[PDB]
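Data first, discussion second: the structure below is written as structure tokens.
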Amino acid sequence: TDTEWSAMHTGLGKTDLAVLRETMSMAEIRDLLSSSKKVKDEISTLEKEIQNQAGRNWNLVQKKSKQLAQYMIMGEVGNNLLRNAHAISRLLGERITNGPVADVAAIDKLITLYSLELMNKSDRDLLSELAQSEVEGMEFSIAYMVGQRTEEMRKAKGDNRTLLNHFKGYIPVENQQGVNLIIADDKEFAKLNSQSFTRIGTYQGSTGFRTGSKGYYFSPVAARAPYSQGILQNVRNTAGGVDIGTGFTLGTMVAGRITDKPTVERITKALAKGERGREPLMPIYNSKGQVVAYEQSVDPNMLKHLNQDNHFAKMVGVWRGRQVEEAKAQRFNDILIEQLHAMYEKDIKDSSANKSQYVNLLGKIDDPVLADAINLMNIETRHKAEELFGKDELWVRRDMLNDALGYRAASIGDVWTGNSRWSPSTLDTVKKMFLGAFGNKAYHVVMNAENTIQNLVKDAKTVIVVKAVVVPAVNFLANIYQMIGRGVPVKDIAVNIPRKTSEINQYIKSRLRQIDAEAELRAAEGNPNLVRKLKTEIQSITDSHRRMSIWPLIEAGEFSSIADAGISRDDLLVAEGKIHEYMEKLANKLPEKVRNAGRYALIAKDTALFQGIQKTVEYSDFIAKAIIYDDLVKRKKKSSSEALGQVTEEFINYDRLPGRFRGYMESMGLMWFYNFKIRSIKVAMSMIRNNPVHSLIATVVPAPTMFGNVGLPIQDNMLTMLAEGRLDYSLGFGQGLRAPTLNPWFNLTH
Amino acid sequence: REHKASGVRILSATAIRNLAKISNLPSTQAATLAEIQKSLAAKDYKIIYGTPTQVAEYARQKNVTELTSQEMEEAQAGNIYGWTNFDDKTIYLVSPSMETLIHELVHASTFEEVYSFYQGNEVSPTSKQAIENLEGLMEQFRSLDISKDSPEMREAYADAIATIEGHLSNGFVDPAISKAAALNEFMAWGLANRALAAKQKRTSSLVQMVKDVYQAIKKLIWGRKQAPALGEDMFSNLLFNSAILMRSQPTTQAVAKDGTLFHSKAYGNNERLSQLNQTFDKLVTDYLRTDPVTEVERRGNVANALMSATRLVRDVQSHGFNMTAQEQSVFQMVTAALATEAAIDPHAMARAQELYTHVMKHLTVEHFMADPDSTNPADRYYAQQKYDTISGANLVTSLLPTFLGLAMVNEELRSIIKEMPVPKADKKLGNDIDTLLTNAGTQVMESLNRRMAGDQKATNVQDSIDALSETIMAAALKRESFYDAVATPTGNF
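Top line first, the protein sequences correspond to chains A and B.
If you read the first sequence in the entry's author numbering, its first letter stands for residue 2751, the second for the next number, and so on.
According to the entry's author numbering, the residues represented by the second sequence are 2126 to 2521, 2529 to 2625, in order.
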């Protein structure tokens, strides 16, 4: 029954029963579950033995082992929680101790025996009958948990920082498909005026940290954007429920994380007096026994709303299928190191003077923030690099390394804390660019810095126009962030987009007279006076085209694939910069019964407004390739044919991918989300070949749009509300300024 | 200009101005094309022509729905006709000649006046009378006697009636679109049979009809200025042959009835809810007005009840009562039906008060706990959470309609309710409390059914119903998105 599967999940899984196989046979374990007196007898003899070794520290060892058993079952967090027996053996945060106070293995047995007594009486009765009538089934299930435990222990024992911080008795659990629970600030949430969230409680916090009023908000079943929920979306390996190397938690949800040195020392001596609150803070311990961070826990009662599943058979399959995926991503990083060594070998062989353009990564690092991230690098990749190069050797090209660190000149904040945003200088540069490219009216309704979009529309017809301008705006802004991340300087784009817009603008105007001068040539079959005038006119225009800076793109044909496919008078608005008014003109051609349906109106693929959006989208790609081509030629020193080779592999023709969704459904915003997804896959595949150093760095050095979920409550980006059809946001302030991640291997698989 | 990937050629605006001279038509009607050219060039009308294979290959590359007319019987004859796309103002021609190109310019322009008149817009006073005169003739067109006419004339009349009556008797298409299409087909029949009826025919009732409609179009085309005398050729045997493409918004009943029988493991497979949703359609959804819904602020009295009831539906699911996507939609639709009825009849919820008060006397927190003697503090918290909502503490008036709606959809609450004792006053009926609550729900909706089935305009409830149809439309499109998002055998996002 479904109740028996849940009892087995709590008994075998959450109590870490696999640790008993070190000293007891499989038949003896089945005897413990069938007799409560045996459990009480084992505790009595185990307590006496540990008391002799512990000595005067017996009171503290007993207290901390009982507190841990409370968390593993009922989820309660006490004061100064120690997550495993390795930390309890050293009594971190209680007394200064130079080693294990007692036997680590003995303490492990006592902790899991204590938590076995905390289980429900009805729950224990179910396990007793199964252990007697299903002998062959129960033994096989126990053996699976032994295999799951060894893999985690193999990764955890590699580093001492993650050895003292991994959770004991961790087993995955999944929420209900569709629901969402977040913790948000009260004042910031009020101004959004969202109509899908309900406040279900308040966040009290602890007395050691002072902050603004917070609360819990819950969202019932709905439809969410793809690749935003249901997966961990983490680019780092996890052992024991925490990140390998740092010790930060990723298998659960926390309200925040504090890592700054001056602030952490402020919390430390405030909790020495005492702690009070429903949500105490959990510390993170160093290798020497100090404290390096703090975390904000979550009330266990608020997790009941998520309707979590605890099916033992299903969650083991999720556990093993996730360990395999982590192993494959680990092996991929080893092959990249082999390629980096092969390139370094040839250059030195050709000439001994080529070593002047290489930097030792594992050696001394001058940059402090860069150096700290290097130390916490995964230990499995460190040994592989040392195997090929030598003792503390990792040489990479200096020019390729500078590109991978071009993000830090424009971003501020810390990724782990969760407050990494663009610098105010960067925003004032991007904001002025969108106003010039798009219409002035469009800027007022899209990037309003005080009000959301839904608060600025008060007519049923204006909803259709507003929902159409969003799609080109998202594509225009997404490309700017993506090219900024890849090392292109900010000041280059700021001075080149107006230059390229002007060059493109005069192209259609000049092409307009040439596109119909052939009609006059057909009517010029006669006296040479008509021919003489036409011949000079057409040749003069073409000579002007030859001198344009974007000419090489024109000859390739990709720059004029759709320019010559159709000429209309209203399309001059797009080239001028009146996109918002260009949408109104095509909106009035809709039927009266459709225009007045507002957000309920279904737009067909045959209408003129539908094809107007597609024309504008390819007009944004008009400028994207122009900037990239200059970058690969001016500051990269590449041939005019090499640059055009790379451009063709990062853009696709959208006429081959019509929507394939149901009728009677608003699939306008969902179709463009999937189209933009495929183009991101091609970009990631190109970055691997043309920049092996950047791909390896992206999973080592924290950076915005480089790491996925960090354990904090799920946050959206610009690409998320586009697919969901919402309007309670704006692309100019707060949320909505975030861009999707750029990790190459992450995008290929997720 | 010719397409690169196909032999199709494209003609845009301001490219056929000289074509007025090429046709060498009489000068009296030659100036007409100069005015027709200006009108079509103002709204960016482009012409695409080619061979049947070339024009078919172009559509596939650009994802264009074609409406070429040809059959195996017509293949032996060997004639192909194009179509016009009224949505994006594009004309498609197949193997055109000089006559057919001119005939389409005066045909597309004429249909614009018909569309504008039937959309509620304003037209020229001369055009208004011409369309009205044509409309009156169509009424008598479908009431003639063809027993005295030639056998070849009867076939032409038979085809016209069948297509004309189809547009008039259509319920799932916007009436404004259907009305214009029916009139356009009427003109085509008259122009097609002008040649064969002017000769070798008698003065029958049908014959006079052909002559009258021909003159009716003449006034519409030429406007208030002088037209050519009677019996004169229009444009060298003018004909209407291209088909039109038109689209509009679907009705509320179309999308609400589509997802009634949805069922899946990831979506919900409760059979009792699907049957409950079927009886809702008979009483409420069937009697909504057939016109497509709109989006207005709708400030009133019932509109306050629907906004309040929407918030309580969300608040219930956030305070202990989790629901699937199938249960959520039925909960929203049924509650909004009782909410609008209580805002019109103050005594609609008189019976539900007796059943609600009786239930509150025999309810305890222990009824919501699977294990009455659990040790985990979180188990007791969730049970107390559900008790408060039933007690109304969490929700903190339209509170009664929400409880009546919840008592019909939730399956865990119904198990608790059915075990309560029955009052001695209601022991005569012989029903449990759960069935008494579900029988009271249909009584409220049945009273609302009679309200919508009467004289809505005189009762001054037309605006209130327009508010109820918007809520049903919104909830129908939401369950169309969760569905198709789990359209896999595993039902995973």
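From the three backbone atoms N, C-alpha and C, an ideal C-beta is built for every residue, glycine too.
Listed by chain order, chain A residues near residue i by CB distance under 8 Å
| i | result |
| --- | --- |
| residue 2564 of chain B | Within chain A, no residue comes near residue 2564 of chain B; the closest Cβ sits about 27 Å away, beyond 8 Å. |
| residue 2297 of chain B | Within 8 Å Cβ-Cβ: nothing; residue 2297 of chain B doesn't reach chain A, min ~12 Å. |
| residue 2442 of chain B | 2970, 2971 |
| residue 2450 of chain B | 2928, 2971 |
| residue 2464 of chain B | Chain A residues near residue 2464 of chain B: none, gap ~18 Å exceeds 8 Å. |
| residue 2522 of chain B | The gap in chain B between 2521 and 2529 takes in residue 2522 of chain B, so it carries no coordinates here. |
| residue 2503 of chain B | 2824, 2825, 3050, 3051, 3053, 3054 |
Residue i and residue j closer than 9 Å at C-beta
| i | j | result |
| --- | --- | --- |
| residue 3258 of chain A | residue 3320 of chain A | no |
| residue 2958 of chain A | residue 2856 of chain A | no |
| residue 2392 of chain B | residue 2451 of chain B | yes |
| residue 2760 of chain A | residue 2873 of chain A | yes |
| residue 2953 of chain A | residue 2933 of chain A | yes |
| residue 2165 of chain B | residue 2227 of chain B | no |
| residue 2212 of chain B | residue 2308 of chain B | no |
Contact set between residue i and chain B, taken where Cβ atoms lie within less than 9 Å
| i | result |
| --- | --- |
| residue 3318 of chain A | 2137, 2138, 2169, 2171 |
| residue 3414 of chain A | 2375, 2379, 2380, 2383, 2384, 2608, 2609, 2612 |
Contact set between residue i and chain B, taken where Cβ atoms lie within less than 8 Å
| i | result |
| --- | --- |
| residue 3361 of chain A | 2213 |
| residue 2965 of chain A | Under the 8 Å cutoff, chain B gives no residues; its nearest Cβ is about 13 Å from residue 2965 of chain A. |
Contact set between residue i and chain A, taken where Cβ atoms lie within less than 9 Å
| i | result |
| --- | --- |
| residue 2192 of chain B | Within chain A, no residue comes near residue 2192 of chain B; the closest Cβ sits about 11 Å away, beyond 9 Å. |
| residue 2370 of chain B | 3356 |
| residue 2301 of chain B | 3341, 3342, 3343 |
CB contact below 9 Å: residue i versus chain A
| i | result |
| --- | --- |
| residue 2126 of chain B | yes |
| residue 2453 of chain B | yes |
| residue 2496 of chain B | yes |
| residue 2471 of chain B | no |
| residue 2544 of chain B | no |
| residue 2420 of chain B | yes |
| residue 2245 of chain B | yes |
| residue 2416 of chain B | yes |
| residue 2461 of chain B | no |
| residue 2391 of chain B | yes |
| residue 2605 of chain B | yes |
Interface flag, residue i vs chain B, CB-CB below 9 Å
| i | result |
| --- | --- |
| residue 3459 of chain A | no |
| residue 3357 of chain A | yes |
| residue 3155 of chain A | no |
| residue 3180 of chain A | no |
| residue 3213 of chain A | yes |
| residue 3490 of chain A | no |
| residue 3050 of chain A | yes |
| residue 2946 of chain A | yes |
| residue 3053 of chain A | yes |
| residue 2828 of chain A | no |
Neighbour list for residue i in chain A, Cβ cutoff strictly below 7 Å
| i | result |
| --- | --- |
| residue 2533 of chain B | Residues of chain A passing the Cβ test: none, with the nearest at roughly 19 Å. |
| residue 2185 of chain B | Per Cβ cutoff of 7 Å: no residues; residue 2185 of chain B is ~11 Å from chain A at best. |
| residue 2500 of chain B | 2870 |
Residue i CB to nearest heavy atom of the ligand GDP below 8 Å
| i | result |
| --- | --- |
| residue 3044 of chain A | Inclusion of the ligand GDP in the displayed structure is not the case, the ligand content being empty and no account of it being possible. |
Exposure of residue i, with buried meaning 16 or more beta-carbon neighbours within 10 Å
| i | result |
| --- | --- |
| residue 2698 of chain A | What is shown of chain A runs 2751 to 3500, which leaves residue 2698 of chain A out entirely. |
| residue 3109 of chain A | exposed |
| residue 2987 of chain A | buried |
| residue 2616 of chain B | exposed |
| residue 3493 of chain A | buried |
Curious, which full-length alpha helix (DSSP H) runs of at least 4 residues does the stretch 3147–3226 of chain A contain? 3148–3154, 3174–3187, 3190–3196
Any chance you could list the beta strand (DSSP E) runs of at least 3 consecutive residues sitting entirely within the stretch 2440–2481 of chain B, in chain order? none
Which ranges would you report for the alpha helix (DSSP H) in the stretch 3313–3337 of chain A if only whole runs of at least 4 residues count? 3322–3326, 3329–3337
Extract the residue ranges of the alpha helix (DSSP H) inside the stretch 2195–2245 of chain B, only unbroken runs of 4 or more that lie entirely within it. 2197–2202, 2223–2243
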